[PDB]
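Just the one chain here, laid out as structure tokens, in the form deposited in one PDB entry.
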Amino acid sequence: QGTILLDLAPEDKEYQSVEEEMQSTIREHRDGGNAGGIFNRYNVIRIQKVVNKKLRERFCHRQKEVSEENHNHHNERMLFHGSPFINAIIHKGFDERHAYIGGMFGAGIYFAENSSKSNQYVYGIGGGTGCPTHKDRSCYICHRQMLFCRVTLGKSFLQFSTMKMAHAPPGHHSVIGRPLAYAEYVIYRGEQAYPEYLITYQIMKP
């Protein structure tokens, strides 16, 4: 019932689909690569499928709950996640302890539709101290990991202003924050995300 990790063959449709979503969603960030480093491309080392029967059942139960609360619209999206606690997430799921961070859109679990936005969170807020080994936010050596996740958004609060908020208004299951304007997706319950794919990669020096 615990986690099984399956290495995907680069010739597999799933590997190719995930790598292409990861590469195609790279953007040039407003910070000129301060947080996540300077790159236009990833070198994908491997992609692992994450199979956890218990996490999947709880995700499916929560999605049905959210669907019923939002006129049968669970609004599932495939979104990227970066976190220093990725290793814990694939084994134990999104734990509101340590999966939660702060940001412009309040405390919660942060996802992005752009892989390069999630890359800014891999080593912590604003890239933290960068890679453990070289303390380098733009390390081209160290292997990074990010997740590509199934995320139940239900009813989203759309935030567009650069205003610090604590939490979404009542009756909302997520925030979509857009302060260019790359969208960040915040959820408040760990069971609203399933870590489908573990991507091991390097950022490439242009």
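If you superpose the two forms and keep the largest set of C-alpha atoms that fall within 1.5 Å, you have the rigid core. In this text, residue numbers run from 1 along the sequence as written.
Where residue 179 is followed by residue 180 in the displayed chain, the model omits 4 to 9 of the deposited residues that sit between the two. Between the stretches 110-118 and 124-132, it is 124-132 that shows the larger average CA temperature factor. Looking at mean Cα B-factors across 53-61 and 134-142, the upper value is held by 134-142. The entry lists C-alpha B-factors for 152, 48, 43, 162, and the highest of these is at 162. Sort the chain's modelled residues by C-alpha temperature factor and residue 158 lands in the middle third, per the entry. Ranked by Cα temperature factor within the chain, residue 86 sits in the middle third according to the deposited record. Among all modelled residues in this chain, the alpha-carbon of residue 147 has a temperature factor (C-alpha) in the lowest third. For residue 98, the recorded CA B-factor ranks within the highest third of the chain. Only modelled residues enter the ranking. Among the modelled residues of its chain, residue 200 has a C-alpha B-factor that falls in the lowest third, as given in the PDB entry.
Beyond the structure shown, there is the form deposited in another entry, which is absent from this document and is the topic of what follows.
Among the candidates 50, 146, 47, 168, the CA atom that moves 2 angstroms or more between the shown form and the other one after core superposition belongs to 168 alone.
In the core-superposed comparison between the shown form and the other one, residue 102 has its Cα shifted by at least 2 Å.
A decrease of at least 3 Å in the separation of the C-alpha atoms of residue 94 and residue 166 is found in that other deposited form, compared with the displayed form.
Here's the thing about residue 88 and residue 99: their CA atoms end up at least 3 Å farther apart in that other deposited form than they are in this form.
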